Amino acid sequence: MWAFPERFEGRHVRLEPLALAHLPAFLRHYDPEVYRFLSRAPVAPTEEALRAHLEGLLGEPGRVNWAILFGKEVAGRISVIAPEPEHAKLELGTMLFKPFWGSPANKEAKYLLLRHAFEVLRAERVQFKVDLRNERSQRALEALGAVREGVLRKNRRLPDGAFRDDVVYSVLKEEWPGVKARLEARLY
């Protein structure tokens, strides 16, 4: 099993261990539109539900959550999914509030981990899964350098009961020099 840093630093945002202390943020920054294109959505528009949300995220083995901090506020959060050492691969899922879409808070969130994955963890693959209904993340990831392999029809189930069409993305190791390159010039 690999080791993931607790806190990160950049020029726009800084990551840190996602704890229940950031609960108040998710409370005020609540919107049924932000939690409708994710594999895991809250139970109800209440503190009790949102509280159990973070508890579950920090519950599933292998996943390490982080709180995206765009300065003094909380843009959102990001974590790693299905960390597979033997296969030298992993997954990354970003989630930023509506009032934070378009800001580099999402660009660095990935950049920070992508750098720790390939350069440090010596990863060979980093896939991303976004709902086919959410063109937002799609436009972003595709404008990030990731390759849109395809879409897994009804790959997973939605918190509401329906089925989700996960669009699989990915960034090979030899593709890092490019992605990182464009980002350093896209952010810095």
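Each residue number is its position in the shown sequence, starting from 1.
Trainee: Decide which of the stretches 178-186 and 1-9 has the higher mean C-alpha B-factor, going by the entry.
Mentor: Averaging CA B-factors over each stretch, the winner is 1-9.
Trainee: On average, which has the higher Cα B-factor in the deposited entry, 137-145 or 53-61?
Mentor: Mean CA B-factor is higher for 53-61.
Trainee: Which one of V130, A41, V126, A67 shows the top CA temperature factor in the record?
Mentor: Checking the PDB record, the top C-alpha B-factor among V130, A41, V126, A67 is at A41.
Trainee: Tell me which of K72, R77, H116, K110 tops the list for C-alpha B factor in the record.
Mentor: Max CA B-factor in the entry, restricted to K72, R77, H116, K110: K72.
Trainee: Sorting the chain's modelled residues by C-alpha B-factor, tell me whether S103 ends up in the lowest, middle or highest third.
Mentor: Top third by C-alpha B-factor.
Trainee: Sort the modelled residues of this chain by their C-alpha B factor and say whether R156 lands in the lowest, middle or highest third.
Mentor: Middle third.
Trainee: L23: which third of its chain by C-alpha temperature factor?
Mentor: Middle third by C-alpha B-factor.
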